[PDB]
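Here the structure comes first, spelled out in structure tokens, and everything after it is commentary.
Excluded from the calculations below are hydrogen atoms, water molecules and symmetry mates; all remaining heavy atoms, backbone and side chain alike, are included. Residue numbers start from 1 in every chain, and the chains themselves are labelled A, B, ... in the order their sequence lines are given, proteins ahead of strands.
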Amino acid sequence: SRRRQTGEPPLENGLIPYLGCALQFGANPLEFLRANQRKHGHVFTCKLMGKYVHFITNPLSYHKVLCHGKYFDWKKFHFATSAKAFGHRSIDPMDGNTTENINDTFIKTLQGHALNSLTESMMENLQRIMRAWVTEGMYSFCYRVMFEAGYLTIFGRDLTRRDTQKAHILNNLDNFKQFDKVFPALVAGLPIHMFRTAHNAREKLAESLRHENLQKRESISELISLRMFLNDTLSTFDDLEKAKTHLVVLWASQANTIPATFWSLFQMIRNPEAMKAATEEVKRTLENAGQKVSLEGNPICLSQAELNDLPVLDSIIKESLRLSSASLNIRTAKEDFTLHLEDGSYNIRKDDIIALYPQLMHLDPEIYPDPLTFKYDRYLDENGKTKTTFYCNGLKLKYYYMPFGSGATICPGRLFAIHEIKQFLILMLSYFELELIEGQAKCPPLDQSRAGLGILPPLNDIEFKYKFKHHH
Amino acid sequence: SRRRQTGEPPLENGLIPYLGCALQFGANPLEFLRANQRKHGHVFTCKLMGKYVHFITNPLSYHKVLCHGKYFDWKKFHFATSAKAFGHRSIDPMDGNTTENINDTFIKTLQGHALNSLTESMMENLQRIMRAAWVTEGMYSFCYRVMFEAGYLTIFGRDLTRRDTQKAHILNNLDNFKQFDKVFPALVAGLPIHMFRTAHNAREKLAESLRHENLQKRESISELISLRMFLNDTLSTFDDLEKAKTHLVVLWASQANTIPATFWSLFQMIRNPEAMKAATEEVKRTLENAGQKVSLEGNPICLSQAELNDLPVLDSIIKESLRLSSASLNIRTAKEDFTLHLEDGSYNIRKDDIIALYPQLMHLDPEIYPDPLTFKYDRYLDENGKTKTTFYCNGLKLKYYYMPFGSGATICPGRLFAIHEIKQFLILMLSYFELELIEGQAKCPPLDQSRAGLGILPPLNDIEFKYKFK
Ligand code: HEM
Ligand code: HEM
């Protein structure tokens, strides 16, 4: 058993299998982390996921962890977790299965010219999918629409199989739901065969993502066409493993985007001021880009710049994620060393984890007054432009909004994710009349079973009503 | 990391913090163990609760694990688990904190002469609590109120200084017990109690009420608690709080299985008309010719140990209810490296490995119990209407076929009292009340497997029933 040595942080004994564990018994990961802050101050160590995990919780010390330090390994833990959860051999080039740098592949094909073609394809796919009042769970609606749109955008479409396209997508959606469901457990080292349904779901998704089946598809993303090419040319992976590297991309493209979309839609519709400000901005932008909206007419086309210069939508989305983001931001100690923070100096052993839990900052009332209130204009300045000035103890923060991470540990899809959510909100507002069945119903609590994993979904779905607009 | 070596069982890769973990993600502990049987056969090793746990799932090998084995330590894990969940220093006499043997203390105060007084007191306490409109209520919630209070008063006595506020003391303890017990599957697994703020305060408020200074104010305390106070004071160097926590252990053990056991026994009996009829007829016979009349505004019913014991219909109804709800992990620790010889073969076990049975697997085995998921109220009755003790597996007569109280030295010291209290409760319900379910044709609730490993599993949801004084 491990004992706190000299200069080491306070050590909380107790095994925490994973952050969302024991939710059914009344566990609350956020409040648990807060309670340790009060007990131990801003740096403490938990036995978390079979690791020793040093939480750094002072917003003003974040920059000391997010810089490219000499004793930080920002990939080891991620690579190992991906292997476990998806079931493939290591993709760390250091283990000799590939010479590919997957991060460069993501950056290369998720930004620049590639991003433009993704964005354009998503807009086209969203309109094909989205074109009386219908009542439905809002999460379930966002799941259908966004899953299909994102799947077809990243993995292209099977045009030989047109009439069985809705069957294939519904199977995939269902399989994805069942696999993603158990993901918090998988990351933690719990065996997938404890989850027979999720295990079958996973392998069925992997099957559908074998190169043999992806070669039948057209308008495949540049990301997946390149990843196929480098699987083939730079790795000694077998055919199933290859399929699972594409499953890693399916999961990453989907697991945060779906709940982010829900929250952004829910929070807009729920708050009449947000809805009015969003509705006007979208009208103004479509009007003077000359884009007509109709169900049967020609599609809408928006420039990168027109999509990007939507500050109200950006603020709505940022505020939605400030409230729902629950990532564990992680790196591993390359060796024994001393970490120097504003809070003091702490000795860290080799292979210890150094973690941030930025939800603690996002909900900090010192940085964000009334932190639990959705303020649609929170990230707008006096000019109605995107606001970038936020403070802690009078000091201007470099890191204050982190739902995509930061540094080298940063979502390569982040610009695309924002584009796709903006596109969805644009189309929802343009195409439909929208009402909450319970306009006064409390906001669902976050479901903290996925704490650590990204954007948290609602604990319960909420019903809403939608109706195609008539344009006069 | 550990690998499977020569002669060791199949080693399952994967961390399992506790058996009821990840239920929210669709885990199912019973089916998980069955799936391992199928894949690996009757002996397999899981990384469970931070240990390497060898499961022995062939019923014909149970006898080789349950015998007083020279290679087994049947107390090490329990002592350590108790210390963690309740928050006290080791009670293992090897660790110098006490020289008391608590097993002997339990046996001495829960059986023999001591059992007579416990049984009498419970029957008195039950009657005081249970004594004309139809009242509708959740059946589990009802069994919880009544059995918790009856059992708390029987074990810990009554404060007669403050009769007018006793209902309030009991209600606070009841609520505090619920909150502490809710988190118990996590605690045994090593999850920290302070991760459950409400349960932690609840645990500590219960402990406060069971300090010797507060127990001293109480009267008609059980010989169990009196003797345990005595041996705390004379045989240990425990502090005042630790002394309270040793009494909290007993509160928990006396309550956590009895409450769900009672619910299942009542529910199963009301829901199955042939069971209700058989139980009603038997109870009346026994009261009649023990010369005991039943009235609300009358004198207490008194039954001997023999009269209570010779109730085979009630005994079968209780056994069959536990056959269907019992989910204990029966554990012992390997004192050293050794070879375990089973019907299945021979397996090398390491020092500090756990050897586990999960008897729910045998209780629900269709080879032993035809139609295992059906409650047959006469399943433990023979042709003669007396207790049936002959059950077979592959044509071999089983020594171990009904194990909800455990067996061997790892056996509930309170089992006789437990059956009496449930019999007494069922006798009084039949005697006092008209009873019916709101949905008599409604489905049986599923077991709640978040508590898998811990004893009798409660229903996942409560069910409503109506009652009325006759
Ligand atoms: C609101 C939507 C999204 C959010 C909040 C989000 C957030 C994140 C976060 C926090 C990480 C982990 C970074 C770290 O390790 O610290 C990540 C990684 C990643 N994200 Fe996103 N993401 C979103 C959508 C997307 C989309 C649409 C894609 C497009 C394919 C994507 C692709 C990826 C990939 C491939 C990684 C793995 C990075 C690596 O280890 O090389 N994400 N994302
Ligand atoms: C239906 C009701 C009950 C059931 C099914 C039950 C079952 C069990 C089981 C399975 C064990 C662990 C056996 C092992 O070590 O393998 C146990 C232990 C224990 N039981 Fe019960 N029990 C019940 C009610 C009671 C009652 C009413 C009491 C009253 C005091 C009680 C007192 C205890 C105690 C003190 C232990 C700890 C044993 C030790 O460490 O010496 N139980 N019980």
Any idea which heavy atoms bring A/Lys181 and B/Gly26 closest together, and the distance?
NZ-N, 4.4 Å
Can you list, pair by pair, the side-chain donor-acceptor contacts under 3.5 Å of residues 354-361 of chain B, counting residues two or more places apart and other chains?
none

Working to the nearest 0.5 Å, report the span between CD of A/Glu31 and CE of B/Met195.
13.0 Å
One should read off an interatomic distance between B/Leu23 CG and A/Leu23 CG, to the nearest 0.5 angstrom, of 12.5 Å
Mark yes when over 12 heavy atoms from residues, nucleotides or ligands other than A/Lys76 sit less than 6.0 Å from its NZ; otherwise mark no.
no
Spacing of B/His194 atom NE2 and A/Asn36 atom CG [to the nearest 0.5 Å]:
6.5 Å
Of all heavy-atom pairs linking A/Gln24 and B/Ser450, the shortest is NE2-CB, 3.4 Å
Within this structure, what is the CE-CG distance for the pair A/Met49 and B/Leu15, rounded to the nearest 0.5 Å?
10.5 Å
Who pairs with B/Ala22 by side chain to side chain contact (heavy atoms under 4.5 Å, CB included), at least two apart in sequence or on another chain?
A/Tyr18, A/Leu190, A/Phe195, B/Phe25, B/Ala27
